[PDB]
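Here's protein27.pdb, which has PDB, C-alpha atoms:
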ATOM      1  CA  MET L   1       4.691  69.535  91.325
ATOM      2  CA  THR L   2       8.141  70.567  90.084
ATOM      3  CA  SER L   3      10.628  68.815  92.364
ATOM      4  CA  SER L   4      13.268  66.131  91.768
ATOM      5  CA  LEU L   5      13.058  62.387  92.417
ATOM      6  CA  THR L   6      15.345  60.280  94.612
ATOM      7  CA  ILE L   7      15.001  57.208  96.836
ATOM      8  CA  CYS L   8      14.672  57.513 100.590
ATOM      9  CA  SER L   9      16.678  56.059 103.444
ATOM     10  CA  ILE L  10      14.770  54.433 106.289
ATOM     11  CA  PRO L  11      15.649  55.706 109.806
ATOM     12  CA  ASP L  12      15.961  52.959 112.431
ATOM     13  CA  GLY L  13      13.315  54.600 114.606
ATOM     14  CA  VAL L  14      10.467  54.275 112.117
ATOM     15  CA  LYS L  15      12.028  51.105 110.691
ATOM     16  CA  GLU L  16      11.746  49.453 114.091
ATOM     17  CA  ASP L  17       7.996  49.995 114.390
ATOM     18  CA  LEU L  18       7.710  49.128 110.701
ATOM     19  CA  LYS L  19       9.093  45.724 111.642
ATOM     20  CA  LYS L  20       7.233  45.595 114.958
ATOM     21  CA  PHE L  21       3.985  46.026 113.027
ATOM     22  CA  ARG L  22       4.341  42.608 111.385
ATOM     23  CA  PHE L  23       5.883  40.970 114.436
ATOM     24  CA  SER L  24       3.383  42.463 116.866
ATOM     25  CA  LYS L  25      -0.001  42.678 115.176
ATOM     26  CA  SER L  26      -3.600  42.337 116.337
ATOM     27  CA  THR L  27      -6.333  39.859 115.425
ATOM     28  CA  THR L  28      -8.023  42.794 113.747
ATOM     29  CA  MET L  29      -6.761  44.730 110.731
ATOM     30  CA  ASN L  30      -4.200  47.426 111.430
ATOM     31  CA  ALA L  31      -2.532  49.967 109.200
ATOM     32  CA  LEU L  32       0.726  51.826 109.117
ATOM     33  CA  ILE L  33       0.639  54.846 106.845
ATOM     34  CA  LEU L  34       4.150  55.956 106.000
ATOM     35  CA  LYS L  35       5.862  58.654 104.009
ATOM     36  CA  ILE L  36       8.730  58.925 101.538
ATOM     37  CA  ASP L  37       9.921  62.491 101.773
ATOM     38  CA  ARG L  38      12.582  63.846  99.451
ATOM     39  CA  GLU L  39      13.116  66.877 101.668
ATOM     40  CA  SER L  40      14.143  64.701 104.594
ATOM     41  CA  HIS L  41      15.206  62.088 102.038
ATOM     42  CA  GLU L  42      14.060  59.557 104.602
ATOM     43  CA  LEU L  43      11.103  57.217 104.855
ATOM     44  CA  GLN L  44       9.177  57.981 108.006
ATOM     45  CA  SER L  45       5.906  56.810 109.485
ATOM     46  CA  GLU L  46       2.950  59.120 108.976
ATOM     47  CA  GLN L  47       0.897  57.191 111.547
ATOM     48  CA  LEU L  48      -0.084  53.714 112.746
ATOM     49  CA  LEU L  49      -3.595  52.713 113.826
ATOM     50  CA  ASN L  50      -5.109  49.450 114.986
ATOM     51  CA  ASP L  51      -8.523  47.820 115.497
ATOM     52  CA  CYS L  52      -9.992  49.994 112.742
ATOM     53  CA  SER L  53     -11.046  49.039 109.214
ATOM     54  CA  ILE L  54     -10.087  49.938 105.641
ATOM     55  CA  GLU L  55     -12.587  52.813 105.431
ATOM     56  CA  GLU L  56     -10.925  54.626 108.310
ATOM     57  CA  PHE L  57      -7.383  54.171 106.992
ATOM     58  CA  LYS L  58      -8.287  56.202 103.902
ATOM     59  CA  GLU L  59     -10.689  58.647 105.563
ATOM     60  CA  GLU L  60      -8.894  59.522 108.830
ATOM     61  CA  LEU L  61      -6.485  61.945 107.165
ATOM     62  CA  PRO L  62      -6.571  63.793 103.810
ATOM     63  CA  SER L  63      -3.308  62.999 102.065
ATOM     64  CA  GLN L  64      -3.352  65.586  99.215
ATOM     65  CA  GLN L  65      -0.290  63.559  98.239
ATOM     66  CA  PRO L  66       0.712  59.993  97.295
ATOM     67  CA  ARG L  67       0.629  58.391 100.729
ATOM     68  CA  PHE L  68       0.953  54.666 101.215
ATOM     69  CA  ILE L  69      -0.872  52.733 103.875
ATOM     70  CA  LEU L  70       0.322  49.297 104.900
ATOM     71  CA  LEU L  71      -2.725  47.341 106.025
ATOM     72  CA  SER L  72      -2.191  44.003 107.733
ATOM     73  CA  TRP L  73      -5.244  41.796 107.533
ATOM     74  CA  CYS L  74      -5.634  38.558 109.451
ATOM     75  CA  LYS L  75      -6.166  36.280 106.474
ATOM     76  CA  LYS L  76      -6.022  32.502 106.759
ATOM     77  CA  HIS L  77      -5.001  30.411 103.762
ATOM     78  CA  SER L  78      -5.508  26.756 102.793
ATOM     79  CA  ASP L  79      -2.468  25.660 104.844
ATOM     80  CA  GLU L  80      -4.633  25.868 107.998
ATOM     81  CA  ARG L  81      -2.768  28.836 109.446
ATOM     82  CA  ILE L  82      -4.066  32.343 109.850
ATOM     83  CA  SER L  83      -1.538  34.538 108.128
ATOM     84  CA  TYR L  84      -0.876  38.261 108.165
ATOM     85  CA  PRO L  85      -0.721  39.339 104.495
ATOM     86  CA  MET L  86      -0.043  43.040 104.713
ATOM     87  CA  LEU L  87      -0.179  45.266 101.687
ATOM     88  CA  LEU L  88       0.782  48.890 101.216
ATOM     89  CA  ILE L  89      -1.613  50.816  99.063
ATOM     90  CA  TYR L  90      -0.051  54.014  97.823
ATOM     91  CA  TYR L  91      -2.962  56.208  96.898
ATOM     92  CA  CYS L  92      -2.437  59.284  94.773
ATOM     93  CA  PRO L  93      -5.726  61.239  94.894
ATOM     94  CA  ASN L  94      -6.725  64.900  94.622
ATOM     95  CA  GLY L  95      -3.690  67.056  95.341
ATOM     96  CA  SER L  96      -1.003  64.575  94.354
ATOM     97  CA  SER L  97       1.718  66.055  92.163
ATOM     98  CA  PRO L  98       3.092  63.929  89.247
ATOM     99  CA  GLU L  99       6.747  63.849  90.322
ATOM    100  CA  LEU L 100       5.838  63.111  93.935
ATOM    101  CA  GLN L 101       3.756  60.163  92.709
ATOM    102  CA  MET L 102       6.817  58.700  91.025
ATOM    103  CA  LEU L 103       8.837  59.659  94.108
ATOM    104  CA  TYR L 104       6.702  57.509  96.413
ATOM    105  CA  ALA L 105       6.070  54.924  93.673
ATOM    106  CA  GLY L 106       9.840  54.717  93.380
ATOM    107  CA  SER L 107      10.846  53.911  96.943
ATOM    108  CA  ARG L 108       7.690  51.849  97.571
ATOM    109  CA  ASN L 109       9.665  48.911  96.173
ATOM    110  CA  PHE L 110      12.349  49.407  98.811
ATOM    111  CA  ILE L 111       9.909  49.380 101.723
ATOM    112  CA  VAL L 112       8.458  46.113 100.389
ATOM    113  CA  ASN L 113      11.999  44.808 100.793
ATOM    114  CA  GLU L 114      12.460  46.305 104.255
ATOM    115  CA  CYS L 115       9.425  44.842 106.034
ATOM    116  CA  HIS L 116       9.069  41.986 103.531
ATOM    117  CA  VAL L 117       5.629  43.262 102.588
ATOM    118  CA  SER L 118       3.249  40.608 101.294
ATOM    119  CA  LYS L 119       1.837  42.836  98.551
ATOM    120  CA  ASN L 120       1.064  46.418  97.580
ATOM    121  CA  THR L 121      -1.561  48.328  95.615
ATOM    122  CA  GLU L 122      -2.183  51.754  94.056
ATOM    123  CA  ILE L 123      -5.453  53.674  93.732
ATOM    124  CA  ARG L 124      -5.859  57.219  92.428
ATOM    125  CA  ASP L 125      -8.594  58.384  94.829
ATOM    126  CA  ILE L 126      -9.753  58.366  98.454
ATOM    127  CA  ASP L 127     -13.456  57.767  97.874
ATOM    128  CA  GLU L 128     -13.254  54.551  95.862
ATOM    129  CA  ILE L 129     -11.195  52.901  98.584
ATOM    130  CA  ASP L 130     -13.408  50.835 100.870
ATOM    131  CA  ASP L 131     -14.317  47.368 102.113
ATOM    132  CA  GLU L 132     -15.611  46.078  98.753
ATOM    133  CA  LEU L 133     -12.121  45.585  97.323
ATOM    134  CA  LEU L 134     -10.809  43.580 100.292
ATOM    135  CA  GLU L 135     -12.803  40.482  99.295
ATOM    136  CA  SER L 136     -11.398  40.815  95.781
ATOM    137  CA  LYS L 137      -7.941  41.817  96.979
ATOM    138  CA  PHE L 138      -6.944  39.571  99.906
TER     139      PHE L 138
END

Encoded form (structure tokens):
Amino acid sequence: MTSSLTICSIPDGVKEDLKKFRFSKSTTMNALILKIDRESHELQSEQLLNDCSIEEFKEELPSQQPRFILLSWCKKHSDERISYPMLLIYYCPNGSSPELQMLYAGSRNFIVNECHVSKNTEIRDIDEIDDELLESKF
């Protein structure tokens, strides 16, 4: 709530699984929640879960901070192939400090470049994140 803002470096360890997520995904929707910390100054994985749905990804753990969850959904497009459009929704709900928001919102562009993320999204709450948006998000 009173700290400075810098971009984070991605350690190979978490970067590997960050890449493995898109290369080795399920036929269900999976999510990798990751963290940009200024104190480590590195972008590290908070946790990865599979076979669950959007409601769990937001509910499993209280963030009290701008955390971003990369959800990969098996979504087929008109070109006859089932694709894996994964998006990282950085949610800044109850507890999130202003500078930290901009901290995560800052390096969230870099992670989109790292894993070649399909898209990303931001919502300021935990409760209003659920299945309803998926069919209007895709």

Q: List every protein, DNA or RNA residue with an atom no more than 8 Å from (-1.2, 42.2, 111.0) in the file's coordinates, counting only C-alpha atoms, and format the result as a VMD selection string.
A: chain L and resid 21 to 30 71 to 74 84 to 86

Dump as a PDB file, in the frame of the given file, selection limited to C-alpha atoms:
ATOM      1  CA  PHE L  21       3.985  46.026 113.027  1.00  0.00           C
ATOM      2  CA  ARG L  22       4.341  42.608 111.385  1.00  0.00           C
ATOM      3  CA  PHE L  23       5.883  40.970 114.436  1.00  0.00           C
ATOM      4  CA  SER L  24       3.383  42.463 116.866  1.00  0.00           C
ATOM      5  CA  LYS L  25      -0.001  42.678 115.176  1.00  0.00           C
ATOM      6  CA  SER L  26      -3.600  42.337 116.337  1.00  0.00           C
ATOM      7  CA  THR L  27      -6.333  39.859 115.425  1.00  0.00           C
ATOM      8  CA  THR L  28      -8.023  42.794 113.747  1.00  0.00           C
ATOM      9  CA  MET L  29      -6.761  44.730 110.731  1.00  0.00           C
ATOM     10  CA  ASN L  30      -4.200  47.426 111.430  1.00  0.00           C
ATOM     11  CA  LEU L  71      -2.725  47.341 106.025  1.00  0.00           C
ATOM     12  CA  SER L  72      -2.191  44.003 107.733  1.00  0.00           C
ATOM     13  CA  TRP L  73      -5.244  41.796 107.533  1.00  0.00           C
ATOM     14  CA  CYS L  74      -5.634  38.558 109.451  1.00  0.00           C
ATOM     15  CA  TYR L  84      -0.876  38.261 108.165  1.00  0.00           C
ATOM     16  CA  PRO L  85      -0.721  39.339 104.495  1.00  0.00           C
ATOM     17  CA  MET L  86      -0.043  43.040 104.713  1.00  0.00           C
TER      18      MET L  86
END

Q: Pick out the residues sitting within 7 Å of residue L:10, and hand them over as a list in words; count all atoms listed in the file, and ignore anything fewer than 3 positions along from it in its own chain.
A: residues 15, 42, 43 and 44 of chain L

**Q.** Result set of the PyMOL selection byres ((chain L and resi 111) around 12) on the coordinates above, as a ChimeraX atom specification
**A.** /L:7-11,14-15,18-19,33-36,42-45,68-70,87-90,104-110,112-120

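Distance annotation: of L:56, L:37, L:131, L:46, the residue with the minimal separation from residue L:102 is L:37; atom set is all atoms listed in the file.
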
On this structure, the PyMOL selection byres ((chain L and resi 126) around 10) would catch which residues? List them as a compact mmCIF listing (two decimals) with C-alpha atoms, in the frame of the given file, sorted by chain and number.
# COMPACT_ATOMS: atom_id res chain seq x y z
CA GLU L 55 -12.59 52.81 105.43
CA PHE L 57 -7.38 54.17 106.99
CA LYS L 58 -8.29 56.20 103.90
CA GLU L 59 -10.69 58.65 105.56
CA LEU L 61 -6.48 61.94 107.16
CA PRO L 62 -6.57 63.79 103.81
CA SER L 63 -3.31 63.00 102.06
CA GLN L 64 -3.35 65.59 99.22
CA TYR L 91 -2.96 56.21 96.90
CA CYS L 92 -2.44 59.28 94.77
CA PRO L 93 -5.73 61.24 94.89
CA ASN L 94 -6.72 64.90 94.62
CA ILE L 123 -5.45 53.67 93.73
CA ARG L 124 -5.86 57.22 92.43
CA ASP L 125 -8.59 58.38 94.83
CA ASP L 127 -13.46 57.77 97.87
CA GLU L 128 -13.25 54.55 95.86
CA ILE L 129 -11.20 52.90 98.58
CA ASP L 130 -13.41 50.84 100.87

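Between atom CA of residue L:60 and atom CA of residue L:31 there is a distance of 11.5 Å.
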
Q | Pairwise distance for atom CA of residue L:100 and atom CA of residue L:6, rounded to one decimal in Å | A | 9.9 Å

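Comparing L:52, L:39, L:65, L:138 by their smallest distance to residue L:83, the closest is L:138 (using all atoms listed in the file).
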
Please, can stretch 124-138 of chain L be completed to N, CA and C atoms and returned as a compact mmCIF listing (two decimals), keeping the file's coordinate frame?
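Result file is selection_37.txt:
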# COMPACT_ATOMS: atom_id res chain seq x y z
N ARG L 124 -5.89 55.77 92.59
CA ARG L 124 -5.86 57.22 92.43
C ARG L 124 -7.18 57.84 92.89
N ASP L 125 -7.41 57.78 94.20
CA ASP L 125 -8.59 58.38 94.83
C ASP L 125 -8.69 57.97 96.29
N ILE L 126 -9.47 58.71 97.07
CA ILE L 126 -9.75 58.37 98.45
C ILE L 126 -11.11 57.68 98.56
N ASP L 127 -12.06 58.16 97.76
CA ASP L 127 -13.46 57.77 97.87
C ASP L 127 -13.67 56.31 97.48
N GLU L 128 -13.02 55.89 96.40
CA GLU L 128 -13.25 54.55 95.86
C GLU L 128 -12.44 53.49 96.60
N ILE L 129 -11.85 53.87 97.72
CA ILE L 129 -11.20 52.90 98.58
C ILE L 129 -12.12 52.55 99.74
N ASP L 130 -12.52 51.29 99.81
CA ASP L 130 -13.41 50.84 100.87
C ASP L 130 -13.40 49.31 100.96
N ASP L 131 -14.31 48.78 101.76
CA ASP L 131 -14.32 47.37 102.11
C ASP L 131 -14.53 46.44 100.91
N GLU L 132 -15.22 46.93 99.88
CA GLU L 132 -15.61 46.08 98.75
C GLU L 132 -14.41 45.41 98.08
N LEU L 133 -13.28 46.11 98.02
CA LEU L 133 -12.12 45.58 97.32
C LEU L 133 -11.43 44.49 98.12
N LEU L 134 -11.50 44.55 99.45
CA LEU L 134 -10.81 43.58 100.29
C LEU L 134 -11.12 42.14 99.89
N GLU L 135 -12.40 41.85 99.63
CA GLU L 135 -12.80 40.48 99.30
C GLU L 135 -12.42 40.11 97.86
N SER L 136 -11.91 41.07 97.12
CA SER L 136 -11.40 40.82 95.78
C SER L 136 -9.90 41.12 95.73
N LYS L 137 -9.35 41.51 96.87
CA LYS L 137 -7.94 41.82 96.98
C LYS L 137 -7.22 40.71 97.73
N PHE L 138 -7.57 40.55 99.01
CA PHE L 138 -6.94 39.57 99.91
C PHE L 138 -5.44 39.45 99.66
